[PDB]
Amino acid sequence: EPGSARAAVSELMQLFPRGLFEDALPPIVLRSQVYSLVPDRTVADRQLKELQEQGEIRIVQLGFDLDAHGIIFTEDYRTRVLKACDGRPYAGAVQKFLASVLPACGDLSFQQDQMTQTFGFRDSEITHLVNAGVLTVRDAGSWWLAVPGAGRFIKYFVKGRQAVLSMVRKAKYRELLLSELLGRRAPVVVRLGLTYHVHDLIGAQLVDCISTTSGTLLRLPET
């Protein structure tokens, strides 16, 4: 048990092809993928919550079907977002946000009253954070923590998830051995990698992970 989520996150982070994205973008793993490696969701959730509380990771709302939470290392996010904002007009607002707000508040989102009254942000500074892509509107009174450049990641991720699921759907009886899937040529549209995508499919229960005497069989869950 101890270190299960931490080990899973580091294993999944190593799969991330960071060279595809904006310099601002830290490697992202999905809570769904952690569940592939730590299938006890109670354990996975408790240890991710501990890492969140101990400052080490940020949870980000990305809004996918099934598990829509991204996981990033806080220090990776901060380093890249700071470098990226250097000598842009939103740099001052972003520096204050990273230095004051992130350590004070571990939530996925921030309230307007919190930002303006507790932290002393001007509306124009909040607008800068939205322009920088560090905040996105959640509702009339709050903003999601966001990752600059995540739009490209979300686009690549959704197209790749559908393409990998299609590999299983196209196979005889809508099932495919893991070794057969991973040994296939990655379609052009799968930019984040087959293994990266398979962990998401297993954790999101878009495929069933069946133990056979031929190894792991991925099966569409039609029953």
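Each residue number is its position in the shown sequence, starting from 1.
Between 86 to 94 and 105 to 113, it is 86 to 94 that carries the larger average Cα temperature factor according to the deposited entry. Looking at mean Cα B-factors across 165 to 173 and 186 to 194, the upper value is held by 186 to 194.
For the set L178, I154, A68, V29, the PDB entry puts the maximum C-alpha B factor at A68.
Per-chain ranking of the deposited C-alpha B factor places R58 in the lowest third. Ranked by C-alpha B-factor against the other modelled residues of its chain, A99 falls in the middle third. Ranked against the other modelled residues of its chain, the C-alpha B-factor of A24 as given in the entry falls in the highest third.
Compared with the other modelled residues of the chain, the Cα B-factor recorded for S142 ranks in the middle third. Ranked by C-alpha B-factor against the other modelled residues of its chain, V130 falls in the highest third.
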